[PDB]
Amino acid sequence: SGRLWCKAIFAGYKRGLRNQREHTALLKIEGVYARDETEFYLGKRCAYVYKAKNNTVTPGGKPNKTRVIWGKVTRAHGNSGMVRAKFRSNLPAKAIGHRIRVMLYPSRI
Amino acid sequence: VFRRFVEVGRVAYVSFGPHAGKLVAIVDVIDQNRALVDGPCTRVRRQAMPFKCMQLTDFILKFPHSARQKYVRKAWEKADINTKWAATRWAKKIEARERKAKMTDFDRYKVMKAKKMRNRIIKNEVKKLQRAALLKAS
Amino acid sequence: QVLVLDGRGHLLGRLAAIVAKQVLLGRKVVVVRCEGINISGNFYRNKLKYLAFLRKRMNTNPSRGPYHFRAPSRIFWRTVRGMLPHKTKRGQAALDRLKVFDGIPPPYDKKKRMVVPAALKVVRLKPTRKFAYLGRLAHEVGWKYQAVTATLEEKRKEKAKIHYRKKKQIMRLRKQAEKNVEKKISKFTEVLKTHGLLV
Amino acid sequence: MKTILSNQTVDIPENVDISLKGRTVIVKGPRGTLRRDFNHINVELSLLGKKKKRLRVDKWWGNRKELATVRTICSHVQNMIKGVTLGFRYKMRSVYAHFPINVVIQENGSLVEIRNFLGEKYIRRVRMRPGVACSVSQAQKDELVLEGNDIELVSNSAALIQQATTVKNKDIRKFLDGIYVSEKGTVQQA
Amino acid sequence: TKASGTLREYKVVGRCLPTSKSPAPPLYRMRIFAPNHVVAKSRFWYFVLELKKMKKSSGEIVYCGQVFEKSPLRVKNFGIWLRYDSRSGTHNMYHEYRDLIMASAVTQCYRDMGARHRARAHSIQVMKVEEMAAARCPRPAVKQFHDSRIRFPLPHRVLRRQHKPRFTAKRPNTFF
RNA sequence: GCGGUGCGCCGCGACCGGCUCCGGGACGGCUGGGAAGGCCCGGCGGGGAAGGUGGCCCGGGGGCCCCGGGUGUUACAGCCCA
RNA sequence: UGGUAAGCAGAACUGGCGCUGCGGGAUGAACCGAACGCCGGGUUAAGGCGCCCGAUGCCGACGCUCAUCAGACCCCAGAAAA
RNA sequence: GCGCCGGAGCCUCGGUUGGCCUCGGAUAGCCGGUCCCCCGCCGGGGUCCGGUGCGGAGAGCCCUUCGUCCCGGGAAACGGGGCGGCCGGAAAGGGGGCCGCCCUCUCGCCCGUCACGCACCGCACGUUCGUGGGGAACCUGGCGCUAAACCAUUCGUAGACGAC
């Protein structure tokens with residue numbers, strides 16, 4: 001019926017200043033604005049869902065145009081409730097400031 | 001304009017820090033921006049407390065400016081502060097905030113279904129009252 | 001899904017710091033009443049800082065030089081532009097999303113405007129310190145449309161007031177159409193009350 | 001340091017009545033009403049007793065700069081009481097050597113024009129501030145008389161007339177000529 | 001030194017290692033307001049080398065234990081005597097603070113000397129710390145709290161936790 | 001079926017071990033064999049003084065009500081000594 | 001050491017650059033941190049944490065200061081007597 | 001062959017996964033209710049009464065849906081659904097309010113009975129705004145419209161050439 005994923009804004013890459021490391025991604029999950037509010041989301045699965053030109057087979061039914069890069073929340077990042085995540089192939093940099101889905105189902109409740 | 005004053009013996013509701021949620025009786029003023037407060041009947045051990053971390057109420061319990069804990073426990077139990085505190089609208093909407101936070105998934109389903117029907121009946125009577133608002137002149 | 005920020009009583013850099021980061025995080029921000037924006041320090045000082053900005057033009061051809069935009073919206077817009085990588089695409093795609101307006105235009109007159117309390121003059125200045133309005137600063141440094149904006153914003157203040165009055169009237173009728181219904185929503189309210197939604 | 005409390009009270013006479021609206025003080029009485037808005041000064045104004053005979057101004061946790069803004073307010077409201085009961089009147093006298101000062105009142109007291117100052121053909125138009133009325137004392141050689149309620153309007157209007165008459169590119173130790181504030185009083189005597 | 005956190009009062013007693021000329025050298029005591037024992041024992045040797053001809057290698061530290069406050073729930077006045085280095089000469093001061101602990105009043109003193117005079121931990125010497133009566137204080141910033149029927153409001157309560165919404169509908173209240 | 005090597009492609013789970021970052025409990029030692037504090041206003045005796053409670057005089061706030069000052073050591077509050 | 005002084009000329013000692021990237025100092029042969037095979041996890045140094053720009057969006061502590069030329073970090077990048 | 005409307009296909013671009021329709025504003029003060037009073041075309045003063053760590057609270061509010069058949073109870077009739085006119089909108093006009101009738105149920109909301117539906121045999125891009133945006137084309141209906149620009153020629157208020 002309704003939505004089954006929290007909304008994480010892909011902020012940008014794991015980086016210093018003059019040196020970024022693309023293997024880790026920094027997520028900003030909406031609502032959670034502290035380090036003592038982000039224990040729940042540690043270990044959860046993340047999806048960058050996009051759609052592209054060609055048809056790609058779907059697990060569960062018909063070949064659609066939609067595609068995924070599955071990730072995983074690893075750590076808390078800094079003092080004001082941001083999150084490190086890591087994806088099966090590195091996320092594309094066109095995705096910066098775009099929506100990715102924080103799932104619930106490596107569930108700990 | 002000011003009605004609530006930092007006095008010797010005014011109660012003050014601590015908002016954040018260690019004892020967030022309890023009531024302390026301001027005993028003595030250390031400096032401009034820190035105070036000495038006692039909360040025996042409310043489980044606050046006597047200590048120094050900053051003025052920033054207290055939202056002060058409107059109860060005054062009267063004792064000298066350096067009395068020990070026995071005589072502020074006396075004045076608390078006498079003046080009946082902890083029972084009079086729960087009477088206030090303040091303590092009632094504090095009590096309500098925690099219940100809404102505590103609310104379960106099944107409780108969230110039950111509250112949705114009751115509010116729906118409360119809204120539906122108010123949506124009727126407000127429109128039936130705007131008939132007698134309209135027809136008096138027009 | 002659009003932020004409609006009011007600008008009445010907010011400080012230039014304080015507000016522009018939060019608008020710059022929120023619009024880099026993919027939001028669409030709309031800052032209405034850009035002339036209400038305050039600046040810390042007295043008026044004379046703030047005017048002197050703008051006139052110093054005016055003097056900086058390209059010596060050989062001012063057609064290429066720094067464009068000294070004068071409307072309070074465009075002053076604020078350049079102040080947000082300062083806090084962005086505007087020479088790169090994600091800095092341009094950010095500025096594209098920000099929209100600014102002198103007074104309040106029509107789609108946003110009939111909306112509730114949010115307030116940033118982290119960038120608000122009452123809570124970030126002392127009550128004793130001096131400050132200057134971006135609207136008056138714009139007018140004295142060569143803005144033309146201060147006289148028109150005052151009368152047009154006074155017109156919607158009259159319209160919105162009459163509306164607000166008509167909403168007070170609806171609330172008193174909901175206030176009456178609950179108290180007449182006291183006998184038949186006494187069961188429904190109880191399970192709202194025990195979950196702290198009406199105490 | 002930060003002084004815990006600085007207070008000063010104004011003792012109000014019977015025939016006037018002060019009304020408080022936040023920091024706006026309204027003084028009504030025999031010969032008019034005066035409103036002054038003190039929203040810039042940041043103090044607690046309070047109105048005590050029956051008849052409302054007394055006005056407090058309190059400043060809590062103010063440093064030496066802010067503690068100066070108390071006797072100021074008590075002095076303003078005292079002049080506001082004096083201006084509503086007894087009024088104000090600033091007598092200005094004309095001094096010259098050769099060329100007399102011809103004083104002509106136009107627009108029923110609001111305007112006054114200054115004729116033959118130091119043999120000038122140029123005739124000076126100075127208007128008074130709203131609620132100040134000019135007049136000439138009868139068979140007194142040269143003295144103007146401003147009358148009004150507000151001290152800050154009557155004084156500024158008298159300063160406009162004094163600064164209007166200036167001796168440019170000359171010695172101001174020789175040519176002492178001009179219209180100077182002789183004596184500051186009230187309209188009605190006590 | 002570097003006055004990190006709240007300081008602690010230490011009782012550091014010391015004496016010269018006995019030689020042949022004197023087998024019983026006299027014991028000397030000192031009050032060291034310092035972050036811990038390891039700095040308290042170094043600042044002991046600083047003051048001991050300046051008053052006496054006694055050194056670290058020419059002596060031993062007999063006892064260095066933390067002095068506790070005997071009434072940390074009473075509000076006291078603390079008159080402190082100073083000796084600090086300006087950018088031209090050295091100056092002695094007398095400074096009153098109002099606190100429950102002496103070590104709190106000495107930390108409060110180090111912050112006030114740092115704030116007003118730009119004087120740092122290595123510069124400041126503390127010679128005398130005495131708790132005073134309410135009638136024996138010459139400074140108006142500390143005396144004004146000698147009022148048994150004290151009353152003041154909390155006038156302009158600036159809103160803290162500004163970034164809790166960050167995006168509110170209403171303007172915040174100041175009058176409470 | 002018992003052993004060996006593998007998955008056509010895309011996926012998930014479980015337990016074991018190494019390295020890590022954390023969270024929650026519970027036990028004990030020392031000190032001035034902690035400093036204060038709480039409960040018997042601990043009960044007794046004597047003192048002392050002020051950020052002075054009772055008791056009284058002042059200026060004032062009303063139809064007789066609380067303030068600010070004076071006096072001084074227990075009273076219808078209390079604090080610190082030996 | 002010579003010269004009024006010099007991003008000047010000439011010495012002693014140890015360390016650097018030259019022969020050498022890396023993180024910080026916006027920028028820079030020499031400063032500060034630390035020296036490098038190709039990678040994943042962890043954590044630090046010296047510096048940071050309004051936005052650019054990773055990190056204070058802590059309900060951080062105590063003061064100081066208003067500048068019609070404020071002030072704002074080794075080397076260091078513009079000041080004195082009064 | 002063009003526009004204004006009344007089927008089934010294709011390419012290609014992507015983001016998205018419920019809505020908030022609004023006082024003005026003060027911050028050493030606010031907010032909502034009241035009757036005596038003067039301006040003004042039903043506002044806005046003094047007056048009384050609540051509330052104020054904002055509860056007529058953005059820490060908020062509104063919506064809320066697995067679907068269908070049976071019987072009841074509560075709650076609706078002054079209701080739900082779609083028709084032609086009745087009145088507005090200019091700072092970047094904006095899709096709404098209200099009545100009749102042409103209009104058809106008696107369902108819809110909330111407690112309780114009654115059985116059902118690929119019960120797809122532990123598993124991933126689920127569920128939306130979507131009759132989205134942009135373009136080549138094919139149908140089947142109506143209603144409508146038949147123009148101008150540039151070159152070429154001429155001019156000389158213009159002019160290197162263009163341009164004018």
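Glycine gets a Cβ as well: all are built from the backbone with ideal geometry, and neighbour counts include every protein chain shown. Read-outs: derived from the displayed coordinates by stated rules, not from any lab.
Enclosing the Cα atoms of chain D in their convex hull gives a volume equal to 160 cubic angstrom per residue.
The equivalent ellipsoid of the protein assembly as shown has semi-axes of 55, 49, 36 Å, largest first, where each one is the square root of 5 times an eigenvalue of the Cα gyration tensor. Taking the inverse of the mean reciprocal distance over all distinct Cα pairs, the Kirkwood hydrodynamic radius of the stretch C:22-124 comes to 15.9 Å. With 32 Å as the limit on Cα-Cα distance, the pairs of D:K21/D:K91; A:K53/C:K111; C:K28/C:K121; D:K52/E:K76; C:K144/D:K59; B:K113/C:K111 that go past it are D:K21/D:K91; A:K53/C:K111; D:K52/E:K76; C:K144/D:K59. A simple packing score, the average count of other Cβ atoms within 10 Å per residue, orders the peptides C:60-70, E:35-45, D:104-114, B:29-39 as B:29-39, E:35-45, D:104-114, C:60-70, with the highest score first. Sparsely packed loop sites in the stretch D:83-190 (the trypsin sites (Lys or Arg not before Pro) outside DSSP H, G, I, E and B with at most 14 other Cβ atoms within 10 Å) comprise D:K121, D:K141, D:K168, D:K170, D:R173, D:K174. Of the residues C:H163, A:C46, D:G87, the one whose Cα sits farthest toward the positive end of the charge dipole of the protein assembly as shown, with +1 on the Cβ of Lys and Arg and -1 on the Cβ of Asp and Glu, is A:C46.
Inverting the pair-averaged 1/r between distinct Cα atoms of the stretch B:1-64 gives 11.6 Å as its Kirkwood hydrodynamic radius.
With the Cα gyration tensor of the stretch C:94-155 giving a ≥ b ≥ c as the square roots of its eigenvalues, does the rule (a/c under 1.5 for rounded; else a/b larger than b/c for prolate; else oblate) give rounded, prolate or oblate? Here the stretch C:94-155 falls in the oblate category.
Considering all alpha-carbon pairs of the stretch D:74-184, what whole percent are spaced by more than 18 angstrom? When all Cα pairs of the stretch D:74-184 are counted, 50 percent exceed 18 Å. From the alpha carbon centroid of the stretch A:1-79 to that of the stretch C:111-141 is 38 Å. Pairs of alpha-carbon atoms within less than 8 angstrom and 6+ residues apart define the contacts here; what relative contact order does the stretch D:8-139 have, in percent? Across the stretch D:8-139, relative contact order equals 18 percent. With angles folded into 0 to 90 degrees, how steeply does helix E:102-117 sit against the dominant principal axis of chain E? Use alpha carbons for both and round to 10. With both axes taken from Cα atoms, the answer is about 70 degrees. Extents of chain A, taken as max minus min of Cα coordinates on every principal axis and listed largest first, are 44, 39, 19 Å. In the protein assembly as shown, a dipole from Cβ-located charges (positive for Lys and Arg, negative for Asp and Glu) runs towards its positive end, and of C:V4, E:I101, D:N102 it is C:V4 whose Cα lies farthest in that direction. From most to least packed by mean Cβ count within 10 Å, the peptides D:58-71, A:14-27, C:108-121 give C:108-121, D:58-71, A:14-27. A simple charge model with +1 on the Cβ of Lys and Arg, -1 on the Cβ of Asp and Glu and nothing else charged puts the dipole of chain D at about 460 debye relative to its Cα centre. Here's how it looks for B:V37: its modeled amide H is under 5 Å from those of B:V27, B:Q47, B:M49, which are all 5 or more places away or on a different chain. Summarising the amide proton neighbourhood of E:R83: residues at separation of 5 or more, or on other chains, whose placed amide H is nearer than 5 Å comprise E:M93, E:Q125. Classify the stretch B:61-138 as rounded, prolate or oblate, taking a ≥ b ≥ c as the square roots of the eigenvalues of its Cα gyration tensor: rounded when a/c is under 1.5, otherwise prolate if a/b is larger than b/c and oblate if not. Oblate, since a/c reaches 1.5 and b/c is not below a/b.
Average 1/r across all pairs of distinct alpha carbons in the stretch A:4-43, invert it, and you get the Kirkwood radius: 11.6 Å. For the stretch C:137-199, dividing the convex hull volume of the Cα atoms by the residue count gives 124 Å³ per residue. Taking every DSSP helix (H) stretch of at least 4 residues in chain D, weighting each as -39,500 (n - 2.57) and dividing the sum by the residue count yields a mean residue ellipticity at 222 nm of -5000 deg cm²/dmol.
Along its principal axes, the stretch E:1-94 has C-alpha extents of 50, 40, 22 angstrom, given from the largest down. So the label point goes 7 Å from the Cα of D:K28 along Cα→C-beta, right? Which residues of the stretch D:137-163 then have their backbone N under 19 Å from it? Within reach of a label on D:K28, which here means backbone N under 19 Å from a point 7 Å along Cα→Cβ, the stretch D:137-163 contributes D:149-150. Within 10 Å of the Cβ of each residue in C:112-122, the mean number of Cβ atoms contributed by other protein chains is 5. Here is the tail figure for chain B: Cα pairs spaced more than 25 Å apart come to 47 percent of all pairs. Computed from Cα positions, the angle between helix C:12-24 and the longest principal axis of chain C comes to roughly 80 degrees.
The share of Cα pairs per 5 Å bin across the stretch D:37-90, counted from zero up to the longest distance, runs 4, 16, 23, 23, 17, 11, 5, 1 percent. Global size of chain C: 22.3, 84 Å for Rg and Dmax (C-alpha atoms, Rg to one decimal, Dmax whole). For the stretch D:1-103, a/c is not less than 1.5, where a ≥ b ≥ c are the root eigenvalues of the C-alpha gyration tensor, and a/b does not top b/c. That puts it in the oblate class. Here chain B is assigned +1 on the Cβ of each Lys and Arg and -1 on the Cβ of each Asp and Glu. Its dipole about the Cα centre then comes out at about 1040 debye. The dipole here belongs to the stretch C:89-199: it is taken about the Cα centre, uses +1 on the Cβ of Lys and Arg and -1 on the Cβ of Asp and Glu, and is about 340 debye. Taken over the stretch E:47-128, the alpha-carbon convex hull comes to 120 cubic angstrom per residue.
Each of D:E143, D:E14 was scored by other Cβ atoms within 10 Å of its Cβ. Arranged with the fewest first, they read D:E14, D:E143. The three principal axes of the C-alpha atoms in the stretch C:1-50 carry coordinate ranges of 40, 18, 14 Å, sorted with the longest axis first. Listed by chain and number, the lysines whose alpha-carbon sits under 24 Å from that of D:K170, ignoring those within fewer than 8 places in the same chain, are D:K121.
To the nearest 10 degrees, how steep is helix D:151-164 against the longest Cα principal axis of chain D, on a 0 to 90 scale? Once rounded, one gets 20 degrees.
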